[PDB]
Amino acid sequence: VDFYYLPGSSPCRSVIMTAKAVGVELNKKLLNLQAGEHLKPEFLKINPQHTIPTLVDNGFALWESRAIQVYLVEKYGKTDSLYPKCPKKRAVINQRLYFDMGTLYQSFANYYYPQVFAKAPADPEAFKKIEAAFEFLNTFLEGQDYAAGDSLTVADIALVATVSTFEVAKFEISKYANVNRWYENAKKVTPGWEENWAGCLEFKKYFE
């Protein structure tokens, strides 16, 4: 199983943690985006959208971190604990994964990307959207130890990648008591957390 990635990338880190939780060995292949390695003809043949993470599993090329997370559990999971067979349980996890992409991580990207990639002035209005996203996550987590069911699922792992990216960006996570509680527990129980944090500290370099 080939894994094209960079350690700093949040979506790459979600896959690293998921693969570790599942117990599937990844052949880790650094793909240097700063060098344009993703844009070379050889990579475009694998992933024409030229994004990381990209997985190649026995001829099957797959991208989108959250699709990769689910695929790894479905194909390699000894049990379905991280992504249960029940359509209802799956739907909650799926909703949280779409929340993670389209609301939570989207708020990260909308606010921090223009600053770190375009060197633009921070938009205090986009910051309000981050706060809104955390407020929703906080409400989801009321009375709940995990984000999308009774135990750890791919939804938690995805959110851990995102929230840890916010931590290294110096966002005040502690203001959201349920998020903070969930997050601190998640660090202790999520396989691959240390490698994720190494990646977060790598990404921090964009804030220097």
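Numbers follow the displayed sequence, beginning with 1.
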Using only the Cα atoms and their B-factors as the entry lists them, report which of 146-154 and 63-71 averages higher.
-> 146-154
Averaging the C-alpha temperature factors as deposited, the higher value of 136-144 versus 156-164 falls on 136-144
Sort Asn58, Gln49, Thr54, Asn178 by C-alpha B-factor from the entry and give me just the highest.
-> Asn58
Modelled-residue ranking by C-alpha temperature factor, third containing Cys200 = highest
Would you check the entry's CA temperature factor for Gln95 and let me know if it's in the chain's lowest, middle or highest third?
-> lowest
Would you mind checking where the Cα B-factor of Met17 ranks among the modelled residues of its chain, as the lowest, middle or highest third?
-> lowest
Assert third(CA B-factor, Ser107) within chain per record equals lowest
